[PDB]
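Undergrad: Structure file input-v8.txt, compact mmCIF, C-alpha atoms and all ligand atoms, is pasted below:
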# COMPACT_ATOMS: atom_id res chain seq x y z
CA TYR J 1 -117.65 -2.26 -15.40
CA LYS J 2 -117.73 -0.31 -12.16
CA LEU J 3 -119.75 2.89 -11.83
CA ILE J 4 -118.41 4.62 -8.71
CA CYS J 5 -120.46 7.56 -7.51
CA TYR J 6 -119.74 10.11 -4.79
CA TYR J 7 -122.36 11.63 -2.53
CA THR J 8 -121.28 14.70 -0.48
CA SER J 9 -122.49 15.17 3.08
CA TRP J 10 -122.72 18.94 2.77
CA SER J 11 -125.23 18.81 -0.08
CA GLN J 12 -128.00 18.24 2.48
CA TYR J 13 -127.75 21.95 3.43
CA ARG J 14 -128.47 23.45 0.06
CA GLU J 15 -131.51 25.69 -0.23
CA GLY J 16 -134.79 24.20 -1.47
CA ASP J 17 -134.43 21.82 -4.42
CA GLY J 18 -130.64 21.93 -4.02
CA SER J 19 -130.95 19.92 -0.80
CA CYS J 20 -129.83 16.31 -1.34
CA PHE J 21 -130.03 13.43 1.20
CA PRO J 22 -128.91 9.85 0.43
CA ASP J 23 -132.45 8.58 -0.08
CA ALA J 24 -132.51 10.66 -3.27
CA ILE J 25 -130.05 8.14 -4.68
CA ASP J 26 -131.41 5.47 -7.05
CA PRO J 27 -130.13 2.21 -5.51
CA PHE J 28 -129.58 0.66 -8.91
CA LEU J 29 -127.82 3.62 -10.59
CA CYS J 30 -124.25 2.95 -9.44
CA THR J 31 -122.30 -0.16 -8.46
CA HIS J 32 -120.48 1.70 -5.66
CA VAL J 33 -121.54 4.83 -3.79
CA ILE J 34 -118.84 6.69 -1.82
CA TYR J 35 -119.90 8.95 1.02
CA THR J 36 -117.65 12.01 1.45
CA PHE J 37 -115.99 12.94 3.71
CA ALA J 38 -114.97 11.43 7.02
CA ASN J 39 -112.78 13.30 9.47
CA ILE J 40 -109.63 12.06 11.24
CA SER J 41 -109.56 13.01 14.91
CA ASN J 42 -107.17 11.70 17.57
CA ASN J 43 -105.52 9.83 14.66
CA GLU J 44 -108.73 7.81 14.17
CA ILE J 45 -111.40 7.91 11.47
CA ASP J 46 -114.47 9.85 12.61
CA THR J 47 -117.70 11.52 11.51
CA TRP J 48 -117.74 15.09 10.19
CA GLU J 49 -121.33 16.39 10.02
CA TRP J 50 -123.46 16.41 13.16
CA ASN J 51 -125.86 13.91 11.58
CA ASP J 52 -123.40 11.66 9.76
CA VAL J 53 -124.47 8.55 11.69
CA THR J 54 -128.02 9.16 10.46
CA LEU J 55 -127.01 9.84 6.87
CA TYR J 56 -124.68 6.82 6.87
CA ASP J 57 -127.74 4.80 7.86
CA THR J 58 -129.89 6.39 5.15
CA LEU J 59 -127.22 5.54 2.55
CA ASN J 60 -126.78 2.00 3.71
CA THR J 61 -130.57 1.43 3.76
CA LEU J 62 -130.30 1.61 -0.06
CA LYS J 63 -128.87 -1.92 0.14
CA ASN J 64 -132.29 -3.15 1.27
CA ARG J 65 -133.48 -2.46 -2.26
CA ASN J 66 -130.20 -3.35 -3.98
CA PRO J 67 -128.26 -5.87 -1.88
CA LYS J 68 -125.43 -5.90 -4.44
CA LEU J 69 -124.69 -2.18 -3.99
CA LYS J 70 -121.32 -1.48 -2.34
CA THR J 71 -120.70 1.59 -0.25
CA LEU J 72 -117.42 3.18 0.82
CA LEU J 73 -116.52 6.01 3.17
CA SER J 74 -114.00 8.56 1.81
CA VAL J 75 -111.58 10.10 4.27
CA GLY J 76 -109.98 13.47 3.58
CA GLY J 77 -111.14 16.02 1.00
CA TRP J 78 -110.07 19.71 0.68
CA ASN J 79 -111.56 20.90 3.99
CA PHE J 80 -109.37 18.34 5.74
CA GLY J 81 -105.92 19.85 4.99
CA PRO J 82 -103.33 17.64 3.17
CA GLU J 83 -100.99 18.62 6.00
CA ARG J 84 -103.18 16.56 8.36
CA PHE J 85 -102.72 13.49 6.15
CA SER J 86 -98.96 14.00 5.97
CA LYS J 87 -98.61 14.07 9.77
CA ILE J 88 -100.56 10.85 10.18
CA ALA J 89 -98.95 8.96 7.33
CA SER J 90 -95.37 10.08 8.07
CA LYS J 91 -95.06 8.36 11.45
CA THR J 92 -95.27 4.62 12.08
CA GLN J 93 -97.31 5.10 15.26
CA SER J 94 -99.95 7.51 13.97
CA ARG J 95 -100.29 5.46 10.78
CA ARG J 96 -100.96 2.34 12.84
CA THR J 97 -103.47 4.10 15.07
CA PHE J 98 -105.37 5.32 12.05
CA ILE J 99 -105.32 2.00 10.25
CA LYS J 100 -106.49 0.06 13.31
CA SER J 101 -109.43 2.44 13.76
CA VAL J 102 -110.78 1.98 10.25
CA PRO J 103 -112.36 -1.51 10.04
CA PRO J 104 -114.41 -1.30 13.26
CA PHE J 105 -115.78 2.10 12.27
CA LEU J 106 -116.71 0.91 8.78
CA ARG J 107 -118.38 -2.23 10.14
CA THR J 108 -120.34 -0.27 12.72
CA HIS J 109 -121.71 2.02 10.03
CA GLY J 110 -122.33 -0.59 7.37
CA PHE J 111 -119.68 0.43 4.87
CA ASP J 112 -117.99 -2.04 2.50
CA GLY J 113 -114.73 -0.13 2.24
CA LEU J 114 -112.56 2.95 2.60
CA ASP J 115 -111.65 5.50 -0.05
CA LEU J 116 -108.55 7.59 0.46
CA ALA J 117 -108.96 11.20 -0.75
CA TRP J 118 -105.67 12.84 0.23
CA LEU J 119 -105.68 16.08 -1.74
CA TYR J 120 -102.75 15.95 -2.41
CA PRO J 121 -99.55 14.15 -1.40
CA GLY J 122 -96.38 16.11 -1.98
CA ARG J 123 -92.86 14.95 -2.79
CA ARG J 124 -92.12 14.34 0.90
CA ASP J 125 -95.30 12.22 1.16
CA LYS J 126 -94.88 9.76 -1.71
CA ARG J 127 -93.27 6.95 0.24
CA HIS J 128 -95.60 7.46 3.19
CA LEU J 129 -98.70 7.16 0.97
CA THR J 130 -97.30 3.88 -0.32
CA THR J 131 -96.87 2.58 3.21
CA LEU J 132 -100.33 3.81 4.23
CA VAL J 133 -101.97 2.00 1.28
CA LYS J 134 -99.98 -1.20 1.76
CA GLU J 135 -100.53 -1.30 5.52
CA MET J 136 -104.22 -0.43 5.27
CA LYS J 137 -104.73 -3.22 2.76
CA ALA J 138 -102.83 -5.63 5.02
CA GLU J 139 -105.18 -4.72 7.89
CA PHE J 140 -108.25 -5.32 5.68
CA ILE J 141 -106.82 -8.73 4.76
CA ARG J 142 -106.46 -9.52 8.51
CA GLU J 143 -109.94 -8.33 9.32
CA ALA J 144 -111.53 -10.52 6.67
CA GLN J 145 -110.41 -13.57 8.68
CA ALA J 146 -113.25 -12.83 11.12
CA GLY J 147 -115.75 -13.98 8.49
CA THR J 148 -117.13 -10.94 6.73
CA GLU J 149 -116.37 -10.11 3.10
CA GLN J 150 -113.09 -8.20 2.89
CA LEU J 151 -113.26 -4.42 3.01
CA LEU J 152 -112.44 -2.64 -0.22
CA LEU J 153 -109.74 0.03 -0.44
CA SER J 154 -109.76 2.73 -3.09
CA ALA J 155 -108.11 6.10 -3.67
CA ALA J 156 -109.00 9.27 -5.55
CA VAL J 157 -105.84 10.31 -7.43
CA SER J 158 -104.78 13.47 -9.19
CA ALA J 159 -104.98 13.38 -13.00
CA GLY J 160 -102.37 16.12 -13.39
CA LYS J 161 -98.97 14.89 -14.59
CA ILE J 162 -96.95 17.11 -12.29
CA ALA J 163 -99.04 16.18 -9.25
CA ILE J 164 -98.83 12.48 -10.18
CA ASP J 165 -95.04 12.53 -10.47
CA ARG J 166 -94.72 14.56 -7.26
CA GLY J 167 -96.85 12.54 -4.90
CA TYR J 168 -97.63 8.99 -5.95
CA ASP J 169 -95.90 5.67 -6.48
CA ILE J 170 -98.49 4.45 -8.98
CA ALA J 171 -96.87 1.08 -9.63
CA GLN J 172 -96.81 0.27 -5.94
CA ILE J 173 -100.16 1.64 -4.77
CA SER J 174 -101.96 0.02 -7.70
CA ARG J 175 -100.99 -3.39 -6.35
CA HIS J 176 -102.90 -2.85 -3.12
CA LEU J 177 -105.84 -0.70 -4.14
CA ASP J 178 -109.02 -2.35 -5.43
CA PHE J 179 -109.54 0.64 -7.73
CA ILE J 180 -108.04 4.06 -8.41
CA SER J 181 -110.42 6.90 -9.30
CA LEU J 182 -108.63 9.40 -11.57
CA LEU J 183 -109.71 12.98 -11.01
CA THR J 184 -109.88 13.73 -14.75
CA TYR J 185 -111.74 17.02 -14.42
CA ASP J 186 -109.31 19.58 -12.94
CA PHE J 187 -107.42 20.49 -16.09
CA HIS J 188 -107.92 24.24 -16.30
CA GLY J 189 -105.08 26.06 -14.58
CA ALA J 190 -106.09 28.41 -11.75
CA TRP J 191 -103.48 30.89 -13.02
CA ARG J 192 -105.07 31.17 -16.46
CA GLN J 193 -106.69 34.46 -17.38
CA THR J 194 -108.63 32.96 -20.29
CA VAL J 195 -111.64 30.67 -20.50
CA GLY J 196 -110.87 26.98 -20.94
CA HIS J 197 -112.22 23.50 -20.26
CA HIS J 198 -111.42 21.59 -17.08
CA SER J 199 -112.45 18.16 -18.37
CA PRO J 200 -111.40 17.80 -22.02
CA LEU J 201 -110.87 14.26 -23.28
CA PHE J 202 -108.11 15.32 -25.75
CA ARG J 203 -105.89 18.35 -26.23
CA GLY J 204 -107.15 21.51 -27.92
CA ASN J 205 -106.12 22.76 -31.39
CA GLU J 206 -103.88 25.79 -30.22
CA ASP J 207 -102.16 27.36 -27.11
CA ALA J 208 -103.10 24.42 -24.76
CA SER J 209 -101.08 24.44 -21.47
CA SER J 210 -99.73 21.04 -21.61
CA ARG J 212 -100.48 18.30 -24.06
CA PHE J 213 -100.86 16.83 -20.63
CA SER J 214 -103.98 18.61 -19.42
CA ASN J 215 -106.59 16.21 -20.73
CA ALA J 216 -108.17 12.92 -19.68
CA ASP J 217 -106.55 10.83 -22.42
CA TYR J 218 -103.06 11.94 -21.39
CA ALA J 219 -103.78 11.07 -17.74
CA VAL J 220 -105.18 7.65 -18.56
CA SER J 221 -102.24 6.82 -20.80
CA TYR J 222 -99.78 8.07 -18.22
CA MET J 223 -101.25 5.94 -15.44
CA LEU J 224 -101.09 2.84 -17.64
CA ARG J 225 -97.50 3.73 -18.51
CA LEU J 226 -96.64 4.07 -14.83
CA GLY J 227 -97.92 0.58 -14.18
CA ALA J 228 -101.52 0.92 -13.06
CA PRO J 229 -103.35 -2.06 -14.58
CA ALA J 230 -106.30 -1.03 -16.74
CA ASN J 231 -108.54 -3.20 -14.58
CA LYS J 232 -107.67 -1.03 -11.54
CA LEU J 233 -108.31 2.36 -13.22
CA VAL J 234 -111.59 4.22 -13.10
CA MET J 235 -111.99 7.41 -15.14
CA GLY J 236 -113.57 10.40 -13.39
CA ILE J 237 -116.42 12.27 -15.08
CA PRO J 238 -117.89 15.44 -13.51
CA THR J 239 -121.53 16.34 -13.17
CA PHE J 240 -120.66 19.93 -12.33
CA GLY J 241 -119.27 22.60 -14.66
CA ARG J 242 -116.89 25.50 -14.16
CA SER J 243 -117.74 29.14 -14.80
CA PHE J 244 -115.94 32.38 -15.58
CA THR J 245 -116.85 36.04 -15.81
CA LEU J 246 -115.80 37.29 -19.26
CA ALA J 247 -113.63 40.40 -19.46
CA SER J 248 -114.76 41.22 -23.04
CA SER J 249 -117.37 40.30 -25.69
CA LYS J 250 -115.13 37.47 -26.95
CA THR J 251 -116.32 33.93 -26.02
CA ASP J 252 -114.32 31.41 -28.22
CA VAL J 253 -110.83 29.84 -27.49
CA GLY J 254 -108.55 32.21 -25.54
CA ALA J 255 -111.29 34.65 -24.44
CA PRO J 256 -110.03 36.75 -21.52
CA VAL J 257 -111.73 36.50 -18.15
CA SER J 258 -111.84 38.71 -15.08
CA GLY J 259 -112.38 35.88 -12.61
CA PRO J 260 -114.72 32.99 -11.83
CA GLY J 261 -118.36 33.05 -12.76
CA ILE J 262 -121.08 34.23 -10.40
CA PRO J 263 -122.30 31.62 -7.94
CA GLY J 264 -125.16 29.30 -8.72
CA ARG J 265 -128.43 29.89 -6.85
CA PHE J 266 -128.17 26.52 -5.14
CA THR J 267 -124.49 25.62 -4.92
CA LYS J 268 -123.44 29.16 -3.94
CA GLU J 269 -119.77 28.89 -4.87
CA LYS J 270 -118.14 31.16 -7.44
CA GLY J 271 -116.57 29.29 -10.33
CA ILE J 272 -118.72 26.15 -10.09
CA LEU J 273 -122.23 25.14 -11.10
CA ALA J 274 -124.18 21.91 -10.60
CA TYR J 275 -125.46 20.25 -13.78
CA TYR J 276 -129.03 21.01 -12.70
CA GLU J 277 -128.01 24.68 -12.50
CA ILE J 278 -126.37 24.48 -15.93
CA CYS J 279 -129.52 22.99 -17.45
CA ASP J 280 -131.36 26.10 -16.37
CA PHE J 281 -128.46 28.35 -17.44
CA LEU J 282 -128.78 26.95 -20.96
CA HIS J 283 -132.12 28.77 -21.44
CA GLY J 284 -131.11 31.82 -23.42
CA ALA J 285 -127.49 30.71 -23.75
CA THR J 286 -125.45 29.99 -26.85
CA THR J 287 -123.96 26.50 -26.95
CA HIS J 288 -120.66 25.46 -28.50
CA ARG J 289 -118.45 22.41 -28.53
CA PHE J 290 -114.68 22.12 -28.52
CA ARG J 291 -114.38 19.73 -31.51
CA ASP J 292 -110.95 18.38 -30.61
CA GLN J 293 -111.47 18.25 -26.84
CA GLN J 294 -114.93 16.72 -27.35
CA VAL J 295 -116.65 18.67 -24.55
CA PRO J 296 -119.17 21.56 -24.57
CA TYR J 297 -119.30 25.12 -23.27
CA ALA J 298 -122.11 27.67 -23.09
CA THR J 299 -122.31 31.40 -22.68
CA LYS J 300 -124.77 34.24 -22.00
CA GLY J 301 -124.28 37.76 -20.73
CA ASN J 302 -120.76 37.97 -19.33
CA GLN J 303 -120.89 34.35 -18.09
CA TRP J 304 -119.09 31.41 -19.68
CA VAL J 305 -119.47 27.82 -18.52
CA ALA J 306 -117.41 24.71 -19.36
CA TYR J 307 -119.43 21.57 -18.66
CA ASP J 308 -120.33 17.99 -19.53
CA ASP J 309 -123.68 16.99 -21.09
CA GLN J 310 -125.21 13.66 -22.00
CA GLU J 311 -123.22 13.55 -25.24
CA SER J 312 -119.84 14.24 -23.61
CA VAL J 313 -120.29 11.79 -20.75
CA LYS J 314 -121.38 9.05 -23.18
CA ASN J 315 -118.32 9.82 -25.27
CA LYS J 316 -116.08 9.47 -22.22
CA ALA J 317 -117.78 6.21 -21.25
CA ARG J 318 -117.11 4.81 -24.74
CA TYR J 319 -113.51 5.92 -24.43
CA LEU J 320 -112.83 4.23 -21.14
CA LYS J 321 -114.44 0.95 -22.34
CA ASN J 322 -112.26 1.13 -25.46
CA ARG J 323 -109.20 1.40 -23.17
CA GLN J 324 -110.56 -1.56 -21.17
CA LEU J 325 -110.63 0.42 -17.97
CA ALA J 326 -112.40 -0.83 -14.85
CA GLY J 327 -115.18 1.71 -15.21
CA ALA J 328 -116.20 5.30 -14.49
CA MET J 329 -116.33 7.51 -11.42
CA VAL J 330 -118.84 10.34 -11.11
CA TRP J 331 -118.35 13.46 -8.96
CA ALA J 332 -121.04 13.84 -7.71
CA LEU J 333 -124.60 12.54 -7.39
CA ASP J 334 -125.86 15.69 -5.66
CA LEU J 335 -124.61 17.79 -8.59
CA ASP J 336 -126.35 15.72 -11.31
CA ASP J 337 -130.07 16.49 -11.83
CA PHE J 338 -131.00 14.09 -9.05
CA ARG J 339 -134.54 15.46 -8.89
CA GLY J 340 -134.97 15.04 -12.65
CA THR J 341 -136.82 18.33 -12.89
CA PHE J 342 -134.26 20.81 -14.23
CA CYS J 343 -133.09 19.35 -17.51
CA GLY J 344 -136.42 19.00 -19.34
CA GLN J 345 -136.38 15.24 -19.74
CA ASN J 346 -138.25 14.11 -16.54
CA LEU J 347 -135.37 11.78 -15.89
CA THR J 348 -133.46 11.50 -12.63
CA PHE J 349 -129.65 11.54 -12.83
CA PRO J 350 -129.43 12.26 -16.54
CA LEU J 351 -125.59 12.37 -16.65
CA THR J 352 -124.96 9.41 -14.40
CA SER J 353 -127.68 7.37 -16.14
CA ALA J 354 -126.11 8.18 -19.54
CA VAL J 355 -122.80 6.76 -18.36
CA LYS J 356 -124.53 3.67 -16.89
CA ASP J 357 -126.34 2.99 -20.15
CA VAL J 358 -123.18 3.16 -22.21
CA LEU J 359 -121.25 0.93 -19.81
CA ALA J 360 -123.95 -1.72 -20.36
CA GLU J 361 -123.66 -1.55 -24.11
CA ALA J 362 -121.71 -3.83 -26.32
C1 LIG G 1 -112.08 16.96 12.78
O1 LIG G 1 -111.11 16.52 13.70
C2 LIG G 1 -110.31 17.60 14.13
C3 LIG G 1 -109.09 16.98 14.81
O2 LIG G 1 -109.55 16.34 15.96
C4 LIG G 1 -111.13 18.48 15.07
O3 LIG G 1 -110.36 19.61 15.45
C5 LIG G 1 -110.07 19.62 16.86
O4 LIG G 1 -111.15 20.11 17.63
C6 LIG G 1 -110.93 20.02 19.02
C7 LIG G 1 -112.20 20.41 19.77
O5 LIG G 1 -112.59 21.70 19.38
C8 LIG G 1 -109.75 20.89 19.46
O6 LIG G 1 -109.51 20.66 20.83
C9 LIG G 1 -109.00 21.84 21.49
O7 LIG G 1 -108.34 21.53 22.70
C10 LIG G 1 -107.74 22.67 23.28
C11 LIG G 1 -106.77 22.21 24.37
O8 LIG G 1 -105.47 22.21 23.79
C12 LIG G 1 -104.47 21.67 24.68
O9 LIG G 1 -103.20 21.56 24.06
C13 LIG G 1 -102.68 22.80 23.62
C14 LIG G 1 -101.40 22.56 22.81
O10 LIG G 1 -101.54 23.11 21.51
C15 LIG G 1 -102.41 23.71 24.82
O11 LIG G 1 -102.00 24.98 24.38
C16 LIG G 1 -103.65 23.85 25.71
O12 LIG G 1 -103.30 24.46 26.93
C17 LIG G 1 -104.34 22.50 25.96
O13 LIG G 1 -103.63 21.76 26.93
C18 LIG G 1 -108.84 23.63 23.74
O14 LIG G 1 -108.33 24.75 24.44
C19 LIG G 1 -109.29 25.23 25.42
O15 LIG G 1 -109.71 24.23 26.34
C20 LIG G 1 -110.75 24.61 27.23
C21 LIG G 1 -112.04 23.86 26.88
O16 LIG G 1 -112.31 23.97 25.50
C22 LIG G 1 -110.97 26.12 27.26
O17 LIG G 1 -111.75 26.47 28.38
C23 LIG G 1 -109.64 26.86 27.32
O18 LIG G 1 -109.88 28.26 27.31
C24 LIG G 1 -108.73 26.45 26.17
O19 LIG G 1 -108.56 27.52 25.26
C25 LIG G 1 -109.58 24.08 22.47
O20 LIG G 1 -110.62 24.98 22.76
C26 LIG G 1 -110.12 22.84 21.75
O21 LIG G 1 -111.14 22.22 22.51
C27 LIG G 1 -108.52 20.51 18.65
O22 LIG G 1 -107.45 21.41 18.88
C28 LIG G 1 -108.82 20.46 17.15
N1 LIG G 1 -107.64 19.91 16.50
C29 LIG G 1 -107.11 20.45 15.41
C30 LIG G 1 -105.79 19.87 14.97
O23 LIG G 1 -107.64 21.37 14.79
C31 LIG G 1 -112.41 18.94 14.36
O24 LIG G 1 -113.36 19.46 15.29
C32 LIG G 1 -113.08 17.82 13.55
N2 LIG G 1 -113.97 18.47 12.61
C33 LIG G 1 -115.25 18.17 12.55
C34 LIG G 1 -116.05 18.92 11.52
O25 LIG G 1 -115.77 17.32 13.29
Translate this file's structure into structure tokens.
TA:
Amino acid sequence: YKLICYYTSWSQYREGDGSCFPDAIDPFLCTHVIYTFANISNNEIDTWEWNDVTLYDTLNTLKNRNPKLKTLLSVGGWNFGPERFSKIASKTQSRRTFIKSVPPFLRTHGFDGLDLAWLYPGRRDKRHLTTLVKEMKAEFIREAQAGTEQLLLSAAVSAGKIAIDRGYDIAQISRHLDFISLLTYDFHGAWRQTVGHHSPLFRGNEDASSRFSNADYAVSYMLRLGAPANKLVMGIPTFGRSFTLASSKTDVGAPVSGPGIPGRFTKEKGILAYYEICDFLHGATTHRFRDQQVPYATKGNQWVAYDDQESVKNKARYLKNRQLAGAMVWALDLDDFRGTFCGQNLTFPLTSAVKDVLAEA
């Protein structure tokens, strides 16, 4: 099985214990670590943070300890606007410029591949994404002739049915990608004025939005569209999502007034790192959505949907049972990488739980 793990370049800036640099990563934890994100400038791949060349080096020094570890560089993300991707991919010339720029940059910086994180292709982009993936793969095939192991090509893909239908030719891109990471953790609609879980494995008992907004639906749909199981990797989050409650009610359908207050370290309303959630749990009441097989917790006027050791193990068993290629974790810097917040004196408790289950049989 693959265990694909993202590290985000902006996590270095977090205050105190929130600060995460690539040398915090256990070299034997994941099979693939993906650094996010690279920029595209002058139609060519490029660095983003002022110190990316240094951090790339810190990440790739992990291979000294684990020579089998593979690293990839992810281009795109939400800061990079999807409009920028569309412009590049939609013209033969700009597409070529971008593709040609990729292998030399990856080789210079010691990466084993490229991950495409276009968030997200629209209806007008579907055919252009197919050509980008096919042509990029063709370039990697050419570059391998020069003697070095062929660069890998992956993509992070929406797990939402509507977004999938709108923007991706799954049958075609699956042929050329070495793996597809499904973003199976963005299932709670931003329009919803009630609490709800963003990463449920199965649908909930009543009033769900779509019997589509769950990981099992997304996995089945991708297989149905022609992605081979051995190309699909199921995403598992190490962050949770938070809401401010609008009333004393906390169970299914509880009204909310907006996102939860920011975490002390991650400082973004509506999201919390797992290490922040571990602390939040002190004094909180814990519940589990039976049917959806994922937990939530609440205290005060705050309500948090999240994944714990039990839920990530459960998802790992699920993806093995569906004979998928493995799991993807977003993100290492949001797990308890220090090992000091979750009361087990264990680094990367969520990611390690997934790893341990993948090894079982
Ligand atoms: C990720 O990559 C993106 C894409 O490359 C980066 O964004 C780019 O950043 C550069 C540098 O800041 C910026 O360049 C700008 O260039 C203009 C000149 O524009 C010319 O063309 C214009 C047509 O639209 C025309 O109107 C103009 O006359 C020019 O001919 C600069 O304009 C000033 O130039 C001088 C010197 O700076 C000034 O003295 C003068 O007063 C002008 O006002 C701008 O100041 C910029 O330098 C790109 O425009 C920008 N591209 C996009 C699409 O956003 C980005 O930095 C990178 N991110 C990270 C995190 O690395």
Undergrad: Rounded to one decimal place, report the atom CA of residue J:175-atom CA of residue J:157 distance in Å.
TA: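 Atom CA of residue J:175 sits 14.6 Å away from atom CA of residue J:157.
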Undergrad: Return as JSON lines the residues of chain J lying at most 12 Å from ligand LIG 1 (chain G), together with the closest atom-to-atom pair for each and the distance in Å to one decimal, counting only C-alpha atoms and all ligand atoms, with rows in chain order and ascending residue number.
TA:
{"residue": "J:9", "atom": "CA", "partner": "G:LIG1", "partner_atom": "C34", "distance": 11.3}
{"residue": "J:10", "atom": "CA", "partner": "G:LIG1", "partner_atom": "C34", "distance": 11.0}
{"residue": "J:37", "atom": "CA", "partner": "G:LIG1", "partner_atom": "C34", "distance": 9.8}
{"residue": "J:38", "atom": "CA", "partner": "G:LIG1", "partner_atom": "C1", "distance": 8.5}
{"residue": "J:39", "atom": "CA", "partner": "G:LIG1", "partner_atom": "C1", "distance": 5.0}
{"residue": "J:40", "atom": "CA", "partner": "G:LIG1", "partner_atom": "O1", "distance": 5.3}
{"residue": "J:41", "atom": "CA", "partner": "G:LIG1", "partner_atom": "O2", "distance": 3.5}
{"residue": "J:42", "atom": "CA", "partner": "G:LIG1", "partner_atom": "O2", "distance": 5.5}
{"residue": "J:43", "atom": "CA", "partner": "G:LIG1", "partner_atom": "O2", "distance": 7.8}
{"residue": "J:44", "atom": "CA", "partner": "G:LIG1", "partner_atom": "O2", "distance": 8.8}
{"residue": "J:45", "atom": "CA", "partner": "G:LIG1", "partner_atom": "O1", "distance": 8.9}
{"residue": "J:46", "atom": "CA", "partner": "G:LIG1", "partner_atom": "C1", "distance": 7.5}
{"residue": "J:47", "atom": "CA", "partner": "G:LIG1", "partner_atom": "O25", "distance": 6.4}
{"residue": "J:48", "atom": "CA", "partner": "G:LIG1", "partner_atom": "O25", "distance": 4.3}
{"residue": "J:49", "atom": "CA", "partner": "G:LIG1", "partner_atom": "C34", "distance": 6.0}
{"residue": "J:50", "atom": "CA", "partner": "G:LIG1", "partner_atom": "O25", "distance": 7.7}
{"residue": "J:51", "atom": "CA", "partner": "G:LIG1", "partner_atom": "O25", "distance": 10.8}
{"residue": "J:52", "atom": "CA", "partner": "G:LIG1", "partner_atom": "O25", "distance": 10.1}
{"residue": "J:75", "atom": "CA", "partner": "G:LIG1", "partner_atom": "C1", "distance": 10.9}
{"residue": "J:76", "atom": "CA", "partner": "G:LIG1", "partner_atom": "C1", "distance": 10.1}
{"residue": "J:77", "atom": "CA", "partner": "G:LIG1", "partner_atom": "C1", "distance": 11.9}
{"residue": "J:79", "atom": "CA", "partner": "G:LIG1", "partner_atom": "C34", "distance": 9.0}
{"residue": "J:80", "atom": "CA", "partner": "G:LIG1", "partner_atom": "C1", "distance": 7.7}
{"residue": "J:81", "atom": "CA", "partner": "G:LIG1", "partner_atom": "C30", "distance": 10.0}
{"residue": "J:83", "atom": "CA", "partner": "G:LIG1", "partner_atom": "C30", "distance": 10.3}
{"residue": "J:84", "atom": "CA", "partner": "G:LIG1", "partner_atom": "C30", "distance": 7.8}
{"residue": "J:85", "atom": "CA", "partner": "G:LIG1", "partner_atom": "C3", "distance": 11.3}
{"residue": "J:87", "atom": "CA", "partner": "G:LIG1", "partner_atom": "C30", "distance": 10.6}
{"residue": "J:88", "atom": "CA", "partner": "G:LIG1", "partner_atom": "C30", "distance": 11.5}
Undergrad: Using all atoms listed in the file, pick whichever of J:120, J:105, J:35, J:98 has the shortest atom-to-atom distance to residue J:56.
TA: J:35
Undergrad: Can you pull out the residues contacting residue J:131? Cut-off 9 Å, using all atoms listed in the file, and skip same-chain residues under 6 positions away; I want them as a VMD selection string.
TA: chain J and resid 89 95 173
Undergrad: If you measure from atom CA of residue J:102 to atom CA of residue J:151, what distance in Å do you get, rounded to one decimal?
TA: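 Computed distance, atom CA of residue J:102 to atom CA of residue J:151, equals 10.0 Å.
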Undergrad: Please, what is the axis-aligned box for every listed atom of stretch 239-252 of chain J with 8 Å on each side, as centre and edge lengths in Å to one decimal, as lines of an AutoDock Vina configuration file?
TA:
center_x = -117.6
center_y = 28.8
center_z = -20.3
size_x = 23.9
size_y = 40.9
size_z = 31.9
Undergrad: If you count only C-alpha atoms, which residues fall within 8 Å of stretch 326-332 of chain J, apart from same-chain ones fewer than 4 positions away, as a ChimeraX atom specification?
TA: /J:1-8,179,181-182,230-240,317,320-321,336,352,355,359
Undergrad: Could you write out that same residue set with C-alpha atoms as a compact mmCIF listing (two decimals), in the frame of the given file?
TA:
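selection.txt, freshly written:
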# COMPACT_ATOMS: atom_id res chain seq x y z
CA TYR J 1 -117.65 -2.26 -15.40
CA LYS J 2 -117.73 -0.31 -12.16
CA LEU J 3 -119.75 2.89 -11.83
CA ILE J 4 -118.41 4.62 -8.71
CA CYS J 5 -120.46 7.56 -7.51
CA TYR J 6 -119.74 10.11 -4.79
CA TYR J 7 -122.36 11.63 -2.53
CA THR J 8 -121.28 14.70 -0.48
CA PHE J 179 -109.54 0.64 -7.73
CA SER J 181 -110.42 6.90 -9.30
CA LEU J 182 -108.63 9.40 -11.57
CA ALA J 230 -106.30 -1.03 -16.74
CA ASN J 231 -108.54 -3.20 -14.58
CA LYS J 232 -107.67 -1.03 -11.54
CA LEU J 233 -108.31 2.36 -13.22
CA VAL J 234 -111.59 4.22 -13.10
CA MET J 235 -111.99 7.41 -15.14
CA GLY J 236 -113.57 10.40 -13.39
CA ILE J 237 -116.42 12.27 -15.08
CA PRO J 238 -117.89 15.44 -13.51
CA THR J 239 -121.53 16.34 -13.17
CA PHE J 240 -120.66 19.93 -12.33
CA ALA J 317 -117.78 6.21 -21.25
CA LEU J 320 -112.83 4.23 -21.14
CA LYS J 321 -114.44 0.95 -22.34
CA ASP J 336 -126.35 15.72 -11.31
CA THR J 352 -124.96 9.41 -14.40
CA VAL J 355 -122.80 6.76 -18.36
CA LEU J 359 -121.25 0.93 -19.81
Undergrad: What separation in Å, quoted to one decimal, exists between atom CA of residue J:309 and atom CA of residue J:116?
TA: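 Interatomic distance, atom CA of residue J:309 to atom CA of residue J:116: 28.0 Å.
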Undergrad: List as an MDAnalysis selection string the protein and nucleic acid residues near residue J:268, meaning an atom at most 12 Å away when only C-alpha atoms are counted, but skip any in the same chain fewer than 3 places from it.
TA: chainID J and resid 11 13:15 18 261:265 271:274 277
Undergrad: Neighbourhood query: residues within 10 Å of (-106.0, 21.7, -31.6), file coordinates, counting all atoms listed in the file; return as an MDAnalysis selection string.
TA: chainID J and resid 202:208 212 290:293
